[PDB]
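Here is how names work: the chains are called A, B, and so on, in the same order as the sequence lines, proteins then strands, and each is numbered from 1. Excluded from the calculations below are hydrogen atoms, water molecules and symmetry mates; all remaining heavy atoms, backbone and side chain alike, are included. One-based numbering, in listed order, for ligands and for the atoms of each.
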Amino acid sequence: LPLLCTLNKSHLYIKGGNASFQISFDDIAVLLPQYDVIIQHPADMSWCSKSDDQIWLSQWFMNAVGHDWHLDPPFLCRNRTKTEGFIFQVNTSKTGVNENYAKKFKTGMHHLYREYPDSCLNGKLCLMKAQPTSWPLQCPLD
Amino acid sequence: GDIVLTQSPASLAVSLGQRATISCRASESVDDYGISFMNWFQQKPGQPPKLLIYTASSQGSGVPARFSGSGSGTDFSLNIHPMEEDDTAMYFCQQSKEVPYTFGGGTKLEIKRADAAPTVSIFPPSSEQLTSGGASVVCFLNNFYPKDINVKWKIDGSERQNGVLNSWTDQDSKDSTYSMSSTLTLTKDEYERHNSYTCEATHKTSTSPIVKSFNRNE
Amino acid sequence: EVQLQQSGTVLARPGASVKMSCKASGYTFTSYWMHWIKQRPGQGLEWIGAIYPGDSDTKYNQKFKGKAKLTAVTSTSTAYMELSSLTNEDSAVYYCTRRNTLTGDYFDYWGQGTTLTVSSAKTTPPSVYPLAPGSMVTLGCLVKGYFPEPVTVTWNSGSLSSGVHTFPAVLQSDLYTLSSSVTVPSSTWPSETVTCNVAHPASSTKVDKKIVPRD
Ligand SMILES: *[C@@H]1O[C@H](CO)[C@@H](O[C@@H]2O[C@H](CO)[C@@H](O[C@@H]3O[C@H](CO[C@H]4O[C@H](CO)[C@@H](O)[C@H](O[C@H]5O[C@H](CO)[C@@H](O)[C@H](O)[C@@H]5O)[C@@H]4O)[C@@H](O)[C@H](O[C@H]4O[C@H](CO)[C@@H](O)[C@H](O)[C@@H]4O)[C@@H]3O)[C@H](O)[C@H]2NC(C)=O)[C@H](O)[C@H]1NC(C)=O
Ligand SMILES: *[C@@H]1O[C@H](CO)[C@@H](O)[C@H](O)[C@H]1NC(C)=O
């Protein structure tokens, strides 16, 4: 069962086994479809990491927010052969063809992190990034 | 709370064909998402900053391969090799990790050339200016290198600091030298109480100052 | 092709307000934050704030809250910055710049800059004074007591261009002063004429001053 933690109502963390991520939302396109790995099914994620725990935690998170792997848009991760390190990126922009998915993602996030305010506003480019982090000392362990 | 960027050196002179290296240190890490949020700009006089390098090492649009960015965390460098004439400019680093966005103080890159002594010329107030009630004494110190120079005014042997205004040109496009103008402005009344006016230039090309003078009598 | 075209030089009195503009073309104006940057004469760069024209969202540097107000007109792809309660500290070049977020956060395109000059001075033409000496000979021209910038200086209507140094203006008694030197062979002056030509467009003035020997 993964642990979820919100610090200062703005910084989001998740931990499961030997993996922990910080989750953030802003307009920086770290990954692009022409350079990085496209993820449509959980098994595509073997190219995202050499760590099975990182892969499992990523899949758990996406399932928990209500990502439908079959129907919903694909997301991106950095190829494990690159030196920059593990990261996945989801387009949660509340705009155009993405609006339905973005609204669902927002609902999922509100269920997982009650006290996080929605930074993905109407029309704005908003890309969720999940990256490795040390588990903060101010977060709990159970 | 604001991220402070410290560039070094403040200025440097590099020979054509050789390497220029400029450093930028940030007060805290600018890394996130496996990349580094540090950019470099080039600015020439009268022009806006031009993006050279973004995200520490990515090449700006149209930017020649001789410009190279490196680094991560808090320590970044811009290398220019080989130095060309058109690379003389101010260079700024800038962090884009946190708002407020902040910039380094700038590094001025110049062309290195052989030392050259200033040509010094002194001019009394024009009769036209005197007739209007004012008096400016002008000293030009032209075509010298390097840029570091001390100009001293003496009136009848006594050093004068008040009323002096100085202006400097940037490095000359043809010969890579600097020039300077120094103007001593005083009342016509004060000007007419003295005889000897001297402009003295101390520059590394000579152990003794270059002295130009006139006497209001002669 | 991305272009940011800023409005022209503006002169304002202390205590007044001024609004300057930045017209964008060659990209989707509503898809990017437009940022504003201040550069004081001979100084570095300071971030003011930004606007997102797509929804009117704004961000400010704490240092400029109450000083700067950012707006946009999406129908004309124009961003505006209003500066109020003007002081001498506001005299500067101001830039608008587009922020891009593709694999970074960077200011990729910049406007040409707008100069703001805060002063109580009135438009004043220069006095132009000849500088003649008391193998090569150096002559000069002292251009004193004008406002606003700029003046242009040439020698013999531009036909004397090498060996010329025209210096940046300095403030003196709330007006500008600059000098220009020209160095010619002694065999050419006083036998051939040397004249400095000074233009001050703001006061509709041109002055030619022939340099003659002193007596
Ligand atoms: C994250 O997610 C966001 C949100 O989806 C992405 O932002 C959008 O990216 C897409 C690119 O894939 C952009 O789509 C293009 O839009 C332009 C402009 O179209 C607009 O204006 C038209 C009027 O002239 C109008 O027809 C359009 O309206 C249609 O779409 C809306 C729903 O969005 C719908 O309600 C309408 O009924 C219309 O169907 C719209 O208002 C358009 O020219 C492009 O279409 C051409 O090119 C495509 C090629 O892909 C081609 O297939 C088409 O046939 C056509 O020739 C294209 O659709 C969109 O503009 C972006 N939106 C914003 C606000 O930026 C973002 O890219 C994602 N980022 C990442 C990193 O994942
Ligand atoms: C990851 O990188 C290697 C090349 O270094 C490539 O062979 C592999 O197919 C990449 N993975 C994906 C899913 O594109």
Side-chain angles (χ1 to χ4, degrees), chain A residues 23-52 54-56 58-59 61-62 65-69 71-109 118-131, chain B residues 32-35 37 54-55 58 96, chain C residues 2 24-34 50-57 72 74-75 77 79 98-106 108-109:
Chain A
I23 296 178
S24 61
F25 296 84
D26 57 49
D27 65 0
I28 309 308
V30 175
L31 310 182
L32 301 164
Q34 66 267 35
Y35 299 130
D36 301 290
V37 180
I38 300 165
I39 304 303
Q40 311 206 78
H41 192 264
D44 302 345
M45 303 204 71
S46 76
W47 284 111
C48 307
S49 192
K50 303 156 84 70
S51 167
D52 283 351
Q54 286 187 326
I55 292 158
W56 180 85
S58 303
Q59 291 164 346
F61 172 81
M62 294 296 279
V65 297
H67 180 74
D68 189 333
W69 301 86
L71 296 172
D72 290 333
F75 62 98
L76 303 169
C77 77
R78 190 177 286 134
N79 188 321
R80 67 181 157 75
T81 61
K82 300 204 80 187
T83 59
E84 292 87 345
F86 177 92
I87 193 169
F88 73 94
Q89 180 185 286
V90 180
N91 194 344
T92 62
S93 299
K94 202 180 176 291
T95 322
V97 71
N98 204 51
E99 178 154 53
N100 279 8
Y101 180 65
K103 285 177 167 176
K104 185 168 74 158
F105 207 99
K106 188 198 175 160
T107 307
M109 286 299 297
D118 189 8
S119 46
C120 304
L121 301 177
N122 290 323
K124 283 290 243 302
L125 180 58
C126 197
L127 304 158
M128 192 209 78
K129 275 75 67 177
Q131 63 184 320
Chain B
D32 207 1
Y33 310 134
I35 58 179
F37 288 84
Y54 64 99
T55 312
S58 302
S96 56
Chain C
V2 175
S25 65
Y27 71 97
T28 307
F29 183 63
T30 51
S31 292
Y32 296 85
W33 287 84
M34 185 74 86
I51 189 164
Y52 192 74
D55 65 12
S56 309
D57 199 1
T74 52
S75 61
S77 297
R98 188 184 79 166
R99 170 175 173 271
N100 202 338
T101 68
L102 296 182
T103 73
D105 179 331
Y106 48 95
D108 61 350
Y109 291 96

Asks: Pick out the protein N or O atoms lying less than 3.5 Å from any N or O of ligand 2, and list each pair with its distance.
Replies:
from     : atom 1 : to      : atom 2 : distance (Å)
ligand 2 : 2 (O)  : A/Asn79 : OD1    : 3.4
ligand 2 : 2 (O)  : A/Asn79 : ND2    : 2.3
ligand 2 : 2 (O)  : A/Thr81 : OG1    : 3.2
ligand 2 : 11 (N) : A/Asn79 : ND2    : 3.0

Asks: How about A/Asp27 and C/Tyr52: does a side-chain donor come under 3.5 Å of a side-chain acceptor?
Replies: no

Asks: With A/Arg78 as reference, evaluate A/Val37, A/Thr83, A/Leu31 under the side chain to side chain contact (heavy atoms under 4.5 Å, CB included) test and give the passing residue.
Replies: A/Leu31

Asks: Considering only NZ, NE, NH1 and NH2 on the basic side and carboxylate oxygens on the acidic side, decide whether A/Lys129 and B/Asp32 come within less than 4.0 Å.
Replies: no

Asks: Name all residues meeting the side chain to side chain contact (heavy atoms under 4.5 Å, CB included) criterion together with A/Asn98; count only those two or more places apart in sequence or in a different chain, and write none if there are none.
Replies: A/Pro73, A/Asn91, A/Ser93, A/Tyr101, A/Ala102

Asks: Any salt bridge (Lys or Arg N to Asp or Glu O under 4.0 Å) pairs touching residues 87-100 of chain A, not counting sequence neighbours?
Replies: A/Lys94-A/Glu99

Asks: Please determine if A/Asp72 and A/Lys104 form a salt bridge, counting it only when a charged side-chain N lies under 4.0 Å from a carboxylate O.
Replies: yes

Asks: Determine, step by step, whether A/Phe105 and A/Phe25 satisfy the side-chain contact (heavy atoms from CB on, under 4.5 Å) criterion, reporting the C-alpha distance in whole Å, the side-chain angles of both residues, the deciding distance to 0.1 Å, and the verdict.
Replies: CA-CA 12 Å; A/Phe105 207 99; A/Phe25 296 84; 4.2 Å; yes

Asks: Cut-off 3.5 Å, side chains only: do A/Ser24 and B/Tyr33 have a donor facing an acceptor?
Replies: yes

Asks: Give one line per pair: atom of ligand 1, protein atom, distance. Only N/O to N/O under 3.5 Å.
Replies:
from     : atom 1 : to      : atom 2 : distance (Å)
ligand 1 : 2 (O)  : A/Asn91 : OD1    : 3.2
ligand 1 : 2 (O)  : A/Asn91 : ND2    : 2.3
ligand 1 : 69 (N) : A/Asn91 : ND2    : 2.9
ligand 1 : 72 (O) : A/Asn91 : ND2    : 2.8

Asks: Quick one: are A/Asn122 and C/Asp55 in side-chain contact, heavy atoms under 4.5 Å?
Replies: no

